[PDB]
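Asker: Just the starting chains for now, same placement as in the complex:
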Amino acid sequence: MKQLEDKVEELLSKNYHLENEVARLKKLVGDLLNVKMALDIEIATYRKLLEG
């Protein structure tokens, strides 16, 4: 029952790559949320200064 064996190895590889992609995107989300925090701080500085 090989066709089954090839399918399983094919699926284990896809699973490994999907786990990789999930890890990559989580990091990109953390990094972007950190970026948002820093920009929000810069804008707050400007707005506060512009306000008076």
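Answerer: On my side now, so go ahead. Numbering: from 1, shown residues only, chains lettered A, B, ... in the order given.
Asker: For chain A, which segments count as helices?
Answerer: Using DSSP state H, the helices of chain A run over A:2-51.
Asker: Check it and tell me which residue is nearest its centre.
Answerer: In chain A, the centroid-proximal residue (C-alpha atoms, centre = their mean) is residue A:25; its distance is 2.1 Å.
Asker: and the gap between that one and residue A:31?
Answerer: Distance, residue A:25 to residue A:31, using C-beta to C-beta, to the nearest Å: 10 Å. C-betas here are computed from N, CA, C, even on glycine.
Asker: Ok, residue A:20 next?
Answerer: 17 Å.
Asker: before we move on, what about residue A:50?
Answerer: Applying C-beta to C-beta to residue A:50 and residue A:31 gives a distance of 29 Å.
Asker: include chain B too:
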Amino acid sequence: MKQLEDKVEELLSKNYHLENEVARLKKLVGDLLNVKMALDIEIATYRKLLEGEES
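Answerer: With chain B now in place:
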């Protein structure tokens, strides 16, 4: 034998849910990228108006 069938079922199922998660994350990324673009243009404009900074 039937174990192979069970493993095939398990993997197709785990992969389906990982794909769903990948799609969710990519939407969140796209959303954060758009929030960043709006913030960037606001900051770039203040730099220009107040500091004489062009990109």
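Asker: still on that earlier bit, next, the contact list for the residue nearest to the centre of chain A, please.
Answerer: Residues counted as contacts of residue A:25 (C-beta atoms under 8 Å, 6 or more residues apart in numbering or on different chains) are B:22, B:25-26, B:29.
Asker: make it 6 Å
Answerer: Residues counted as contacts of residue A:25 (C-beta atoms under 6 Å, 6 or more residues apart in numbering or on different chains) are residue B:25.
Asker: now residue A:8
Answerer: B:7-8.
Asker: Chain neighbours aside, what residue packs nearest to residue A:26?
Answerer: residue B:25 (6.7 Å; C-beta to C-beta, 6 or more residues apart in numbering or on different chains).
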